[PDB]
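The chain below stands alone and is given in structure tokens; this is the form solved without ligand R9M.
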């Protein structure tokens, strides 16, 4: 089997992306944030504290003839930024782009932090990291991809995120019309539960390529590109007036600037992020200070190839017995 679903940015600046997912019988369609950096499928629901729901579409398990309580199971997750959610668990039928999994753990939120409440366009998350990170207790649950894997034509999914435009998540096949040239595959470590790999270096604009190993994760769930402070300083040094500011907690550049591209290495291949992709717009309405899309990872503990980087490529998440990642230009 295969599936194919369109993923759509939530606003004009690609702050996050949403993909429609069918849950239950009859289907209840919720727009979920597909997140290769986490491993829980959780939704706003009829159980969510009412004051913490503000415009989201909710899953109501009592209206699904295929829903079943997973007795005794609870979940709780903290993301790196202070965003949190928790609740109980049902199993139900879940379909993405025509690919159906029965008995999928659907984690129903009883509580969500304010950032989730305020994101009216995001009805939940669908995790696509490794199932070892799933937070359900006392019985850890599998991701949608792990449950679908054996049925798929090939044990892969692909992320093709758009710049200021919709893109595609495919399951079970590689669309050879969706990229140019060849896909370069690179080794993955699953030791931390992430799609963790090692970039071979970087270049700033038309500058020379610096060969250096950069370990990081491919995370569709992270909006920005987070890299070592040395690399980030070298990038922003090429933008007149750019600076790291403590009020905004990161690098800002003049909204009159033209940004240089940023290239990252995948083996001997190179992925070029156009300068415009590194532009996230004014820090507040009417400001002439604009938010940079490349930021330091120094406070995180890991480098993160988030959407800024991934949207410049066609990305293969290869879930074979020994997982690998593939990147192609497009």
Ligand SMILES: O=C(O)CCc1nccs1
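Positions refer to the first chain, counted from 1.
Beyond what is shown, the protein has a form deposited with ligand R9M bound; the following relates to that form.
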(message) Taking ligand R9M as it sits in the entry with it bound, is residue 58 near enough to touch it, meaning that at least one heavy atom pair lies within 4.5 angstroms?
(response) no
(request) Classify residue 261 as contacting or not contacting ligand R9M in the entry with it bound by the rule of any non-hydrogen atom within 4.5 angstroms, answering yes or no. (result) no
(message) Just checking whether residue 247 would be counted as a contact of ligand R9M in the entry with it bound - the rule being heavy atoms within 4.5 angstroms.
(response) yes
(request) Classify residue 288 as contacting or not contacting ligand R9M in the entry with it bound by the rule of any non-hydrogen atom within 4.5 angstroms, answering yes or no. (result) yes
(request) Determine the residues of 73 to 94 with a heavy atom within 4.5 Å of ligand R9M in the entry with it bound and present them in sequence order; the list may be empty. (result) none
